[PDB]
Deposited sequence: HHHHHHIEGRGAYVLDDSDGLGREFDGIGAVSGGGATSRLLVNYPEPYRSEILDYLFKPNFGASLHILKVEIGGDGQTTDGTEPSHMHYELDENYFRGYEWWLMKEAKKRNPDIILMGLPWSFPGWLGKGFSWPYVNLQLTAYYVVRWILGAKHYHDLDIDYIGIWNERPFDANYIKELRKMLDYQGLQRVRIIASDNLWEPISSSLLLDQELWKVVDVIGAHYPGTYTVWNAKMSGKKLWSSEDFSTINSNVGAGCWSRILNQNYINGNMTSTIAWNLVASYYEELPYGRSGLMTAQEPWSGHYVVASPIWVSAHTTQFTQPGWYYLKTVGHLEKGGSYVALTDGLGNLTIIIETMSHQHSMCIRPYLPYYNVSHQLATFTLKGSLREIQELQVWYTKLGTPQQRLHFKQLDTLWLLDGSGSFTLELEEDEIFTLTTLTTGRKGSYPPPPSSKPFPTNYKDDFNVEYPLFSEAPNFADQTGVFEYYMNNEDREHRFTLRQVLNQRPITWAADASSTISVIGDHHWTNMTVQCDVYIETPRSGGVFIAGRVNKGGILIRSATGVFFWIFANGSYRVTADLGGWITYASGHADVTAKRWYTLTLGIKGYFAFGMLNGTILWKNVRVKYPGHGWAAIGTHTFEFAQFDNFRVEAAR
């Protein structure tokens, strides 16, 4: 009926901000080679204040060289004694975010770890000081090399925590003058972290925020008792159609209302990874075509704006928030300066499903909502109105100001299903607009890269999406013909988050490709036991990279070759001997058309008219037999979709 909004009995919890995740894993991979101005425009839609999603929080993966959902991300310490703070693209992304929003909040969190941290075990808690040292060096490097202040450091994404590790991490941060860095734990479920904090005063002292993943808007009693800030430190992960916007809309309000969570952070920030990788197009917007410049400002961007443009971290929720009589919810916030923001959502069940969890049916129907401003809100003769209707549709439209000048501090509105209203004293709102970007286009059907770049802007050549191992631009000054190559740089299995393959692999191109010729120069660095491959029709990647089938053309340093149907090498198409050794360059060609494949070694047929599965489709790929050094040069692909 009537809903009272008031602050005379005090405020709710402090609001900590809305954010998104770049990482877990390689979700921003394809953003870095967007041409200008589109790349800058994408970033404006994400981070520019009073424009698009206007995000308050950016959380990034701390790469550990393992597969972490849509690819690998490179570590700052590939090996013991190795330190490099310029690999990958999270440094670049954090700086671009800070340029747009100097007050953006920065978080880092590991998914995988370089294998050498485990000292012979796939376990990061073998040497607590060593793992803490590794993580803290990332934070120091962020400051020393990029002028980035990391505000929050997590533990181990969706993996066990170790209470002694968390304490050592606090001790190490303090030892390095990083008292201001806060710890969030444990980026998994509410338990066991929540009860651990009630039982261990020392643990309680060093954990600042309980961060839980996909809580379905609820928390648990132990977490409320702790007194700690509670965050949905990872949510969303739903395709960014209108359904995902509805999911984002509902949980943004109800994570606080139902579970006292004062921050929600969406996985992921932007869908800049091939769509047929796991969880495709599950970013706040889509930018997965750097070759064309095409991107899509999806509905979740404007759902975000309904909160972010009219709140800031440090505002406070009112005590008077809740659900509507006939479905939906409302929150309200103030900044203690006379501003008020009211956010109303009526997302229907059929149109707001997240992937995790699935809610049983709830009803939503037309209703009239009356709001009355009591307490300090009593003045406020006017409020600005921003409106979105999902599903068709209209996004983030500014409507006529509502006037409360009748002395009652009261208004009403006709709500229907799947709407968002933001009513605010703030006058800074804006629906940012750039002109439309180029039309969508498939990955180029002829594509080449000679890797000849002496000072690359990023550590890896464009469009190559590593799915196990790490491939990087490599300069060999002791050579003239292959001075600039692409090298696989892992020499041992990471402490894995995913089930990384036993072979390294980087995929590129158009997943719909069915007939293709792939060519590449390859160089095997390990004598006798080394091996490399080129492939096509590679059908799976990311978390499922172990499952990948296709056509794989292997050569080995013992003078042999293999043609397999699977990355694991269990299914043989052909095999035989080849004039192949380590430490010399060979040019591999693989042609796949219809039912048949052929392979050439240095332009001479090695095997031909070999029967392969068909129909079949997938990316092109390169890689190495195990975690071993190898180089690649003069990559070429021609394909038909």
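Of the deposited sequence, the ranges 1 to 10, 402 to 404 have no C-alpha coordinates according to the record.
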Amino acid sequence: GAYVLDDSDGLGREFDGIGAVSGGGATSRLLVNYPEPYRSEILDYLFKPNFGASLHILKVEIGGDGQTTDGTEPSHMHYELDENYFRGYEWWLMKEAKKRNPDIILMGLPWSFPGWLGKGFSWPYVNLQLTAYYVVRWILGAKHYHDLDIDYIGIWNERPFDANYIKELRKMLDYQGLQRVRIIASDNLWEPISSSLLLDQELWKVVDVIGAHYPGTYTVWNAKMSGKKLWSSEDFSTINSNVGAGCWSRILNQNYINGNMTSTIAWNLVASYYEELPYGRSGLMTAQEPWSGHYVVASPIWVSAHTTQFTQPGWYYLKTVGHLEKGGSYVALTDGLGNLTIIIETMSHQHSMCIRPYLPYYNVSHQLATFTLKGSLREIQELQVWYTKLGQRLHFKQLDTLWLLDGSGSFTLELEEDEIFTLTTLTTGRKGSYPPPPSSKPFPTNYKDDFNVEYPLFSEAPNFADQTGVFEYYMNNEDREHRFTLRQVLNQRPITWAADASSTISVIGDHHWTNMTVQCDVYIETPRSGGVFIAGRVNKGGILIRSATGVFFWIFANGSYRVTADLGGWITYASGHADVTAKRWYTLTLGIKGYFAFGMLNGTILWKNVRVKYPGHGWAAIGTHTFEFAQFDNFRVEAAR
From here on, numbers count along this sequence of modelled residues.
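Among other deposited entries of this protein with both flanking residues present, at least a third omit coordinates for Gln392. The mean C-alpha temperature factor is higher for 375 to 383 when 477 to 485 and 375 to 383 are set side by side. Set 610 to 618 against 22 to 30 and average the Cα temperature factors; 610 to 618 ends up higher.
Within the group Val270, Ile301, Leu405, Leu490, the record's highest C-alpha temperature factor is found at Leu405. Reading the B-factor column for the CA atoms of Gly322, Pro124, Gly244, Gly259 in the entry, the top value corresponds to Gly322. Ranked within its chain, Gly623 lands in the lowest third, by CA B factor from the PDB record.
Split the chain's modelled residues into thirds by C-alpha temperature factor. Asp44 is in the middle one. Among all modelled residues in this chain, the alpha-carbon of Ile420 has a temperature factor (C-alpha) in the highest third. Sort the chain's modelled residues by C-alpha temperature factor and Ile105 lands in the lowest third, per the entry. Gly88: CA B factor in the lowest third of modelled residues in this chain (values from the PDB entry).
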